[PDB]
Amino acid sequence: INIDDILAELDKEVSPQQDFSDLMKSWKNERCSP
Amino acid sequence: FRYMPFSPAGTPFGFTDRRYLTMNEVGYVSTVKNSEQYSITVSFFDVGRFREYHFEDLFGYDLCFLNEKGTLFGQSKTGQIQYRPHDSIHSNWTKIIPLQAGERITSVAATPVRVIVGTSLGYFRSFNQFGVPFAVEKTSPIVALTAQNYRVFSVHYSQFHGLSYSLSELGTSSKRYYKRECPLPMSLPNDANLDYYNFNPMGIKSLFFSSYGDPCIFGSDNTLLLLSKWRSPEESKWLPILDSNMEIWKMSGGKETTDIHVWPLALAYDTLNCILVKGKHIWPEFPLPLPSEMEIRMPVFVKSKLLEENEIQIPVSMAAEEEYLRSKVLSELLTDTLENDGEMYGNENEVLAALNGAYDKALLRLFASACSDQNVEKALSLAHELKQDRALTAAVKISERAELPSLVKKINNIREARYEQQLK
Amino acid sequence: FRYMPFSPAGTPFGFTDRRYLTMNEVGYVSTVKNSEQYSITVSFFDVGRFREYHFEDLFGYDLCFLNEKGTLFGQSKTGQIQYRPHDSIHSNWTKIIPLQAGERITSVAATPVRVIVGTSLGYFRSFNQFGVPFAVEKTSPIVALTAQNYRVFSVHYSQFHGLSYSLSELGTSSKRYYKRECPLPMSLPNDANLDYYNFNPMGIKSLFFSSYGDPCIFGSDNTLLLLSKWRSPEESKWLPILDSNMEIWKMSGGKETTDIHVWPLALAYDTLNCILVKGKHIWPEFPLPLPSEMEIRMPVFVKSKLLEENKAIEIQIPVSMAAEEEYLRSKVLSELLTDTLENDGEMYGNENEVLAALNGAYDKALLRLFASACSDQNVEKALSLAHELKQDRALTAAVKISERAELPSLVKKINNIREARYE
Amino acid sequence: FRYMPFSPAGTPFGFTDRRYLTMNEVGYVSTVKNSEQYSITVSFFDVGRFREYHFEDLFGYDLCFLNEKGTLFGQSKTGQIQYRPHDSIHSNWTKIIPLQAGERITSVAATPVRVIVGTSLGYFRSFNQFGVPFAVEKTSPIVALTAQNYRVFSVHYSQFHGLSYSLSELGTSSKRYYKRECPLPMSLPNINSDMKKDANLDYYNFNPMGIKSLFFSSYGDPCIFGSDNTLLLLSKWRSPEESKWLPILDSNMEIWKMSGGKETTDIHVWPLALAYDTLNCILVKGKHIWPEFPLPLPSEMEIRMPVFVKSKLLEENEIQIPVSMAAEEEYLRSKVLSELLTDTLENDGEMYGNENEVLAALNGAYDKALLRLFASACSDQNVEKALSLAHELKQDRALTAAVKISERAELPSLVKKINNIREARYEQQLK
C-alpha cells in the first residue's frame, strides 16, 4: 500500500541557488583534471 | 504546612550563593549575595529592543515578575514593592503594603494596565500602573499568579478547600470572568532533592501561557497539561500532551536513568523549549545553558510492548494511532483562535491546511491494516471522519486491493450524502 | 488511603472461595477460583433473549460491566481488557491499556457507541466499540462509572477535596457537560463487616440510572437518593426518596430486626427490586435468591409517634400521617415525568394517563390532610393547601368540607383563589 | 470532630446560670437556668409597639430565631419546635421533627412566608407558617442559617467538603439557586494549645466555627462576622460569575486607632446588625468577650476600608491622619457604596423613598476627594499620574473644576489632554 503518489497529487491541486551549486561544481572539476 | 513565596521557575540557594528569581520567555533575573546586600541582574533573551542592567539592593527582594512593559519587584516580610519600567521616560514608584500579624506576600503580577499583589490571607489588592489603588478583595489564599496581554491566571489553595484555578480578564473596563474557582486536576507531592521541597512545597514548577493564549502548567508529576476551549463555559478539558518520564526513557536507549531532567521555559506552536539539566540537582546552575527543544507526543505508548519489539525504534502499527490524536487535538486549538480573535502573524492558514494533510494521511496507515485482517465494520466507521474529500475516493482503491467488495459500496454511499449536503 | 477497584454491586470473597463480581437487571457474574486459574460464570436473568456462555479467566479479571449488548472485563494491576459481544458475528478484541508506576484501574464502562476506562491518576480514556481511541483526558481520580445510551455518570474523589460527581454525556459531535464537578451530598462511613470495608472503603453499593433518565446512588447511608431536573442547572436538586431501614421496621409491625439487609437492583418508575439478605453477612451468597420488590415510600414518619400509636396492639399508621406521604410521592413523581415527555418523547405511549393518576391522587392526598388540618380547630392550618391543590374540581370539593367545619371565613378564601385561577 | 448547635449572637453559660439566646435589631431573648427547668425571657427594643412577655421552658428550647412576625424555638435532642407569634393573631402550634440515631438539628429559620429547619446531615425540611411540609431535600451538613422575606443564606461544612455557602431563594412554587456550594473565604479559628487555659475556651467549646453572627443588610446584601474580626460583605450576587467579598471593616484597626496607639486588649467588638453605612455595636470591656447582664446600649460605629499602615502612622505623631492619606480611603469607601446601591434601584427600586438623594450626595464627595490626589500629583510633576485620574470623574461638573487645578501647576501641555476627554464624552452621549 503506497499512498505517496496519491499524496503527490493532493498538494498540486533556473533557480538562483542551483546556478551557484553548478559554479562550485565546475570549479572543483577544473583544478584537478589534466 | 507552610506558605512560601512563588515566582515562575525560580531556584533555591543550595550550598551556593547565587540563584535565579524568575525565568520566562523574555529574560532571566539573577541575584548574588553580598553578606549585607544583594546585586540584582536583569538579563534578556531578546537583544534588539531591550538592554540589560544591574543595580544594588538594600532591602532583600525575593519576588519578581519580568515582562515586556515593566519589572515588578517585591519583598516577602515588610510588604515593600518597587516598579521599574524599561523605558527611560516614565519614572519609578514605591508603595508599602499593609500587613497584619503573621502574614506574607506570595506572588505578584504585572499586567499592562493593572498591578496585582496577592498575599497569604486572601487579600487581592489592585493598583494602576502608576500607584493609585482600585480595590481590595477577599478570596482564598493564593499560591501562584501569572499574566499575559490582558488575562490573568491564578491558583487558589487552602488547608481545607483544595486546589482551584480562576481565569479572569481585566481589560479596559470589562471584567469578564471565565472560571471562578473550579477544581483542578493535579497531584501534589506527599534524597538529594530535599533542598527543593523545603523551598517550594506546592510542587508547581512553572506555570505560564502559550504563544496563542492557552494556559499551561508543569506539575511535579512532570506532565505538561494544557487547557482547551476555555472561551466556552462548559467545554473546558485538560489535555495532557507530554510525559517527561517517557521522552527520557526513549532517549536513554530503553533504560531507567537518574541524570537527565526537564525544566521548562515556554511553549511554541508545537515545541517546548527546555533546559535539560544534567546532574543530581534538578535546577539549572550558573551560567544558564542553551535552551534545547522537545516535541509533543500524546501519551499512548506502552513501556512494556516496545521492549518486546527488540535508541528505541517504534513499529508503524503503533506509531499510526499517535499521529491520529495529535493532529486531531492541534486543530481544535487552531480552528477557534482564528474564529474568535484572529491570527497575529498571517501565516496561520497554511499551517492549518498542512495539518489536515497529516490528519487523513495518518489514518490510512490504520485503515489499510483494518482491511488486512478481514474486518469490514471496523474499517467502515473510520471513513466518517475524513473532512478532506479527495482522500475519500483514495480509500476506494485500497478497498479493491484487499478484496472486500461489500465495503466498496459503503464508501460510495458516504460520498453521495455529503454531495447533496453542499447543494442546499 | 487506598484506591480499590470498585465494581457495581460487587461482593468480596469472605471465608468462601467463590464470590460475585457484578449485578444488574439483565445479568450477573459469579467466579470460582480453581487450582490454577479462575472460572468466570456469566449467568443471565433473561433467558428469552440471550444465551449463557462461560470459560476460563487467563489473567484474573476482577472488574466487569454487563449490559444489554455485551460485557467488558479487565485486570486492575497489569491493565489488559477484553470486550465480548453476545452476538457471534462481531469479534472479541483485546487491547492493552498503558499504565504507569503504581497505578490501578478503578472502573470500566460499556456504552453501545463508546467504551470508557478510568484509572487512579485521573486519565479518562475513550474508545469506540472496535478499539479506535478518541481522546485521552485528565480529571480528578475516579471511583465509579455508569453509562446509558448517550449519557455517562461519574464520581470523583481526590485525596484532598473529593466527593464530587460529574454528569456528562458523550455526544456525537462534542462532549457537552451538564455538571462539571459539583459537590456530592453523600456521607462516607464513620467482624463480618470488617472485610466489606477492606474491599469497598467508600461503601457505595450500587449506582445506576433510572429508566426515565434520572441518576441514583445507594451508598452505605442505607438511603436511596435521586437527582431531579438534572438538565437545568438552576434547580437541580437531590430528593431522598427511600429509606431502606424504615421499610424494614414498617413491615415487621413494631419489631427492629438487625439481620435483614437490603440490596437494591434497579428502578421501574414506582418500585425498587431488592435482595432481602438474611444473615450475618449483609451481602448475599450462593445460590442467588429471588427478586423482591418494594413500593416506594417517603421518610416522613416518626419512630416514637408510631411506637405510641402502635402500643395498644404490620405497622398501622394514622390517616393524619398517611396522606402526608401520599402528597409528597405525588409531588416528586409528577415533576420527574413532565420534562421527559416534553424533551425525550414517549417511550411506552400511555404516559399521559399516568399523570392523571398522580394528579388525581394529588387531590385526595391533600384532602385527607385537609380534614387533618381543620379538625384541630386551627383556622391557619388549612388555607394554604387550597392553593397547593392543582385541579378546579378539587377546590369545588374543598368548599363542601369547609362548610361542615363551621368556618365561614375559610369559605371565602377558597373562593378568592378561583378569581386567581379563572384568569 | 464534633458538631454543635448554633444561634445568632448567643453567649454560653460561662459560670452563671443565665445567658442570652439571640440578639438582633428586634430584641434580645434570654434564659435563666431553673435547676430542673428553664425560664425564657423575651425582651424587645421597641416598647411602644410590642411588649415584653415570657414563660417557662420545660424542654430546653435553646435554638431560637426572632423576627418581626413571630418567634420560633426548638430543642436539639427531641426535634420539637413551636411557633409563638408576638400578638394574638396566630396560635402557638407544635410539630415534631423525626430525628434519627445520633442526629441533631443545628439551626432554624423564620420568614414571613415559610419555615425552614435543617438537621445535621442535610435534610433541608421546608415548612410554611401554615404548617404544611413541602419537600425533604438532601444537601451537605448545615451549621448556620439565616433568611429574609423570600431568600435564604446558608453555610455548609463537612469533613470532606470544607466551608461552602449557598444563596438560594424560595419563590412562589419553585426554588432557584444563585451560588450553589461555592467556596468561602473565611478564617477558621486556629485554636492553639494556650487557648485551653484561656478565658475564651468556653466560647470555643461552645462554637468551633467561630462565627459570632451572620445577618443581612438593611437593603438585602449578605454579611458575616467570623473569628477574623472583619465584616465581610458579598456584592453583585445577581450576576452568577462576578461575586465579590469586600471586607468593609476591621475591628482590630478601630481598637488601635481609638486607643491612641495602645495595644490594649481589654475592649472588644460585638455586632448586632448593619445600617446604611454605619455599624451598630455592643462595646464589651472586660476579661470576657461576650456581653453580660445588663447589656450596654447599642452604640454606632462608622466603617473604614483597610488601607492604613501601622508603621506610617507612627511617624505622623486618637491617632490623627493626614490629608495625603484620607482622600484615598474616602475614594474607595465611597466607590463600593456607589456600586451596591445602584443595582438595587435598577432591579427593585426604592425601599424607603429617599434613595436618589443619598445617591447624589455620595457621588459629589467621591468627586470632591478625588481632587486632593490631583493637587498632590501635580506638585510632584508626574503628569502621566494626573492623566490616569481623569477618566474616573463621573459628573461633567467634576471635569470643569479640574481645569482650574491645572493652571496653577503651570502645565500648558497637560491641559490639552484633559479638554479632549471632555469633548469625547459629547459624541458618545448623543448616541
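(A) View of the overall build of chain A. Looking only at helices and strands, chain A features two helices and zero strands. Summarising its shape, the C-alpha atoms of chain A cover approximately 50 × 25 × 10 Å along the three principal directions. Classification of the 34 residues of chain A by burial places 6% in the buried group. Carbon together with sulfur atoms contributes 54% to the accessible area of chain A, which is approximately 3600 Å² in total.

(B) Layout of the interface of chain D and chain C. The interface of chain D with chain C comprises 26 residues on the first partner and 31 residues on the second. In total, chain D and chain C occlude about 2500 Å² of area from one another, counting both sides; carbon and sulfur atoms represent 59% of this. Among the residues of chain D in contact with chain C, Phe 130, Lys 138 and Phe 160 of chain D are the three that bury the most area, contributing 27% of the side total. In this assembly, chain D and chain C are joined by zero salt bridges. Our count for the contact surface shared by chain D and chain C stands at ten residue pairs in polar contact. Those elements giving two or more residues to the side of chain D that touches chain C turn out to be β8 (93-96), β11 (123-128), β12 (136-138) and β16 (175-183) of chain D. With five residues, the top contributor of residues to the side of chain D that touches chain C is β16 of chain D. Considered class by class, the residues forming the side of chain D that touches chain C number eleven nonpolar, eight polar and seven charged.

(C) Examining the arrangement of the chains more closely. No other pair of the four pairs of chains in contact has as many contacts as chains C and D. Across the gap from chain A to chain C, with no contact made, the nearest C-alpha atoms are 21 Å apart. Separated throughout, chain A and chain D approach each other most closely at a C-alpha pair spaced 48 Å apart.

(D) Looking closely at the packing of helix α4 (residues 319-343) of chain C against helix α5 (residues 351-374) of chain C. All names here are of chain C. Look at α4 against α5: their axes get within 8 Å of each other, and the N-to-C directions meet at 150°. The angle between α4 and α5 falls in the class roughly antiparallel. Relative to α5, α4 is oriented so that their crossing is left-handed. Looking at the contact of α4 with α5 residue by residue, the class counts come to 13 nonpolar, five polar and four charged.

(E) View of the packing of helix α6 (residues 392-402) of chain B against helix α7 (residues 405-423) of chain B. All names here are of chain B. For the pair α6 and α7, the least separation of the axes is 9 Å and the interaxial angle reads 170°. On the basis of their axis angle, the class for α6 and α7 is roughly antiparallel. Across the interface between the two elements, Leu 392, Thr 393, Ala 395, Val 396 and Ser 399 from α6 touch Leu 407, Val 408, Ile 411, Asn 412 and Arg 415 from α7. When grouped by side-chain class, the residues that make up the contact of α6 with α7 number six nonpolar, three polar and one charged.

(F) Region of interest: the sheet that holds strand β21 (residues 264-267) of chain B. Residues and elements named next belong to chain B. Pairing in this open sheet of three strands is antiparallel, and the strands run β21-β22-β23 from one edge to the other. Taken across any chain shown, the strands that pair with only one partner, and hence form the sheet edges, are β21 and β23 (292-295). With direction set aside, neighbouring strand axes in the sheet form an average angle of 30°. Here strand β22 (residues 271-274) runs beside β23; their pairing, made up of four bridges, is antiparallel. If you follow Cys 274 over to β23, its bridge partner there is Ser 292.

(G) Region of the structure containing the interface of chain B and chain C. In this complex, chain B contributes 28 residues to the contact, which on the side of chain C involves 23 residues. For the interface between chain B and chain C, the tally reads one salt bridge. Across the pair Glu 234 of chain B and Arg 176 of chain C runs a salt bridge whose closest N-O atoms are separated by 2.8 Å. On the surface where chain B and chain C come into contact, there are six residue pairs in polar contact. Of all the elements in the fold, those that place two or more residues in the side of chain B that touches chain C are β16 (179-183), β20 (237-238), α3 (316-340) and α5 (377-381) of chain B. Of the residues that constitute the side of chain B that touches chain C, the class distribution is 15 nonpolar, four polar and nine charged.

(H) Here's a closer look at unusual backbone geometry. For the bond from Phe 286 of chain C to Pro 287 of chain C, the omega torsion is -10°, close enough to zero to count as cis. Here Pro 287 of chain C shows up in the loop between β24 (277-278) and β25 (292-295). Of note in the backbone geometry, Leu 163 of chain C takes a positive phi value of approximately 45° without being a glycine. Mapped onto the secondary structure, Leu 163 of chain C falls in the loop between β12 (151-156) and β13 (164-165). One non-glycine residue, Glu 410 of chain D, lies in the positive phi region at around 60°. Among the secondary structure elements, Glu 410 of chain D is positioned in the loop between α7 (396-406) and α8 (414-429).

(I) Highlighting the environment of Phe 15 of chain B. Residue and element names in this part refer to chain B. Relative to the helices and strands, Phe 15 is located in the segment before β1 (18-23). By relative accessible area, which is 78% here, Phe 15 ends up exposed. Along the sequence, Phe 15 and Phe 130 sit 115 residues apart, while their C-alpha atoms lie 39 Å from each other.

Thresholds applied
For every chain, the first residue of the written sequence is numbered 1, i.e. counting runs from 1 onward, and this need not coincide with the entry's numbering; residues without coordinates are not included. Here the convention is simple: chains get letters from A, ligands get numbers from 1, in the order in which they are written. Any value mentioned applies to the visible chains, which represent part of a larger assembly rather than the whole. Heavy atoms from the whole structure form the basis of all side-chain values; hydrogens and water molecules are not counted. Each helix is a run of H or I in the DSSP string that is no shorter than four residues. Each strand is a run of E no shorter than two, and both are numbered from the N terminus. Residue burial is assigned from relative accessible area. The probe radius is 1.4 Å, only protein chains are included, and a residue is buried under 20% of its type maximum, exposed over 50%, and partly exposed in between. Shrake-Rupley sampling with a 1.4 Å probe provides the accessible areas, and residues are treated as covered by the protein chains on show and by no other component. Should any heavy atoms of two residues lie within 4.5 Å, those residues are counted as being in contact. Summed over both partners, buried area is the accessible surface (1.4 Å probe) that two parts give up on being assembled. Basic side-chain nitrogens of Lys or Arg form a salt bridge, by our definition, when they fall within 4 Å of a carboxyl oxygen of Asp or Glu. What qualifies as a polar contact is a pair of N or O atoms within 3.5 Å, subject to a donor-acceptor requirement within protein and to the restriction that residues adjacent in sequence count only when both atoms come from side chains. The residue classification treats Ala, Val, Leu, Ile, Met, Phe, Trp, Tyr, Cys and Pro as nonpolar and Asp, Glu, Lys and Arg as charged. All others, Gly included, are polar. For helices, the axis comes from a line fit to the C-alpha atoms of the stretch in contact; other axes are also lines fit to C-alpha atoms, and the angle between any two N-to-C directions lies between 0 and 180 degrees. Each angle gets one of four labels, with under 35 degrees taken as roughly parallel, over 145 as roughly antiparallel, 65 to 115 as roughly perpendicular, and the rest as oblique. Handedness of a crossing is defined here by the sense of rotation of the near helix relative to the far one, left-handed for an anticlockwise turn of less than a right angle and right-handed for a clockwise turn. At least two bridges found by DSSP between two strands is the condition for calling them paired.

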